[PDB]
2 protein chains.
Amino acid sequence: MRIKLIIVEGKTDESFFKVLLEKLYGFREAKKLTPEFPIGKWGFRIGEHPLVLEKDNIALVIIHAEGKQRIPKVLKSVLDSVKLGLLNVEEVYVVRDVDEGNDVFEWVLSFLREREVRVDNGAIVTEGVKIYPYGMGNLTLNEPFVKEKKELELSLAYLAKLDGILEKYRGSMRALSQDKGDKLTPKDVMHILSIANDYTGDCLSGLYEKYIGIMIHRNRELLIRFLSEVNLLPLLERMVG
Amino acid sequence: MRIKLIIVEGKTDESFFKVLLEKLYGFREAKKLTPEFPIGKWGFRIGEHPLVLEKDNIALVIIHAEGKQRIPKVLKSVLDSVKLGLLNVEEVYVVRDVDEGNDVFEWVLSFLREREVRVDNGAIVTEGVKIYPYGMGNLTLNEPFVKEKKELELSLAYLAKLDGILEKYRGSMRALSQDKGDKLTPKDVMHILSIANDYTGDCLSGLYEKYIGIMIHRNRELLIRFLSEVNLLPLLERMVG
């Protein structure tokens, strides 16, 4: 079983990748397989249960709710384990909103200073492990009343744009911005999408699974186009590769 | 310790009650102590961790997402355990939106077959346990663009109104309605509230805790007045004390 580690910031990011990896690429959640990942090997806070997705001979272990000082501890433990051959991890993905801190590549690399690292095409190679940092939100969502914040919600907003949902409203975006007394954030648009799709769930993360889940069998070519225009296909291709 | 069981439908309902019970009545969440609730006595599902709030000599056990078909299963267990003297439960609260099914009183009553029953102060008494069936959302939200759906969100929408939020907007409500091609549901308004308060979290349940928790600090009387006009005070005062 090939082991890959995927690190995201929160539940919202986890769901986004989960619905794509399951519904589009055919991955499934691990069975009753609930092995207490030894904090001594992976370096994750006690009581944390990662999401394990599998397909064929590949196991994707996704984790979130890390922290600004936990990511480095996770990478250090895992890399310390691989060095001793204690883990089979062969690929590590680290994704975060572009508008967060400095560039994502420089960020990940600042944690690998004491390690021998060789670079390739978007891949950081160290100790036989390919590390793929990735910034979410590299695109331009051209909406008059929406602030240009590069993050997960900006991409999801663009998908709504292509789906024609932002045009179906617009009057609402204008009205909301007027009442708010400022331009809308991509997160506010996520709340407009909830109303537009008559979403009755508690969490936006749930909405992303529902919304993208239906588009896959409703207008699969549209979703593919979105993933391609936002530069998400190559990343996804690597995760399942 | 005196134990009271509170049964709600979902996380949103659990947060709403939790913020009031903690921030308004001084209740605190049970220590690290995680006393595995013996299913044989409570009738809860496998890996369920109910919220335990405590103060003085009263323990409030709140559960949600139990299942429309498991509620009676839970009641039977608890009631039988009380008859046998294995649980110190004296009151059980069952909260459900008015919208769903039939009258909450009949709904609960239909779960108590082969039980000697007696009604006292609107409560169903059996096995010495006071069962309080309560319908959430019993009020009239006078908003031309919002459907009259009696539920947790309708009450939340009313609190937003008293707070002057729905007024500050409305222009947005009008626009949202026009683009949607129908009146806004109370749950739709909840998303406008996220925008009006610049809520960045993933779940609306988290917004209720934040929004109410802060109100308790900036305008306590407004919340108390709200709780009174929606007739939530007598229920809360029963749960506590």
Side-chain angles (χ1 to χ4, degrees), chain A residues 8-16 32 34 46-47 49 64-65 97 145-147 149 151-153 164-209, chain B residues 9-16 32 34 46-47 49 64-65 97 99 145-147 149 151-153 164-209:
Chain A
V8 300
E9 180 178 352
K11 185 56 179 190
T12 44
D13 313 280
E14 184 204 71
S15 296
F16 183 71
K32 299 296 173 295
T34 315
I46 309 80
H49 300 70
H64 69 278
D97 293 341
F145 304 96
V146 186
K147 294 184 174 176
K149 292 176 63 188
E151 66 192 20
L152 172 63
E153 288 73 3
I165 295 172
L166 298 187
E167 199 285 339
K168 169 75 174 302
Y169 286 67
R170 165 196 155 290
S172 297
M173 274 181 269
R174 175 186 284 289
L176 267 306
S177 190
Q178 180 172 160
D179 291 347
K180 192 185 180 68
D182 182 25
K183 281 188 169 188
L184 299 178
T185 64
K187 279 200 173 65
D188 295 320
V189 174
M190 238 55 243
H191 289 293
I192 287 167
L193 181 63
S194 299
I195 306 176
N197 296 35
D198 197 34
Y199 184 63
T200 60
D202 177 25
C203 313
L204 296 170
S205 63
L207 170 64
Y208 303 153
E209 289 177 52
Chain B
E9 192 180 321
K11 199 73 166 65
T12 51
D13 317 283
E14 172 197 282
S15 290
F16 180 83
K32 292 288 182 299
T34 306
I46 23 64
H49 294 56
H64 71 277
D97 294 329
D99 286 349
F145 293 111
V146 185
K147 289 182 178 181
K149 309 185 67 174
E151 53 185 48
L152 193 251
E153 289 76 0
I165 304 295
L166 304 191
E167 172 50 48
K168 177 177 180 180
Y169 282 68
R170 189 185 64 66
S172 295
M173 281 186 260
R174 182 189 294 292
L176 271 318
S177 197
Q178 272 175 283
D179 297 337
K180 183 189 176 191
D182 191 2
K183 285 176 186 173
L184 265 36
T185 59
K187 285 174 195 286
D188 280 342
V189 178
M190 232 67 278
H191 286 100
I192 295 182
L193 178 65
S194 296
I195 298 172
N197 297 185
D198 197 30
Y199 182 62
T200 60
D202 177 36
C203 315
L204 293 172
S205 60
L207 170 62
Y208 304 158
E209 287 181 58

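What you see below is based on every heavy atom in this structure, not just the backbone, and it leaves out hydrogens, waters and symmetry mates. Throughout, a chain's letter reflects where its sequence line sits, starting with A, and its residues are numbered from 1.
Here the closest heavy-atom approach between residue A:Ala175 and residue B:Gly171 is recorded as CB-O, 3.7 Å. In this structure, B:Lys180 and A:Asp198 approach most closely via the heavy-atom pair NZ-OD1, 4.4 Å.
Proximity to chain B (any heavy atom under 4.5 Å) is shown, for A:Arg174, by neither the backbone nor the side chain. Looking at B:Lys187, the atoms closer than 4.5 Å to chain A (heavy atoms on both sides) all sit in the side chain, from C-beta outward.
When A:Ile195, A:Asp202, A:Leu204 are compared by the number of non-hydrogen pairs under 4.5 Å with chain B, A:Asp202 comes out ahead.
With B:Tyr169 as reference, B:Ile192 is the one residue of B:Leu193, B:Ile192, B:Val189 to meet the side-chain contact (heavy atoms from CB on, under 4.5 Å) rule.
Looking at heavy atoms from C-beta onward, A:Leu184 lies in side-chain contact with A:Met173 at the 4.5 angstrom threshold.
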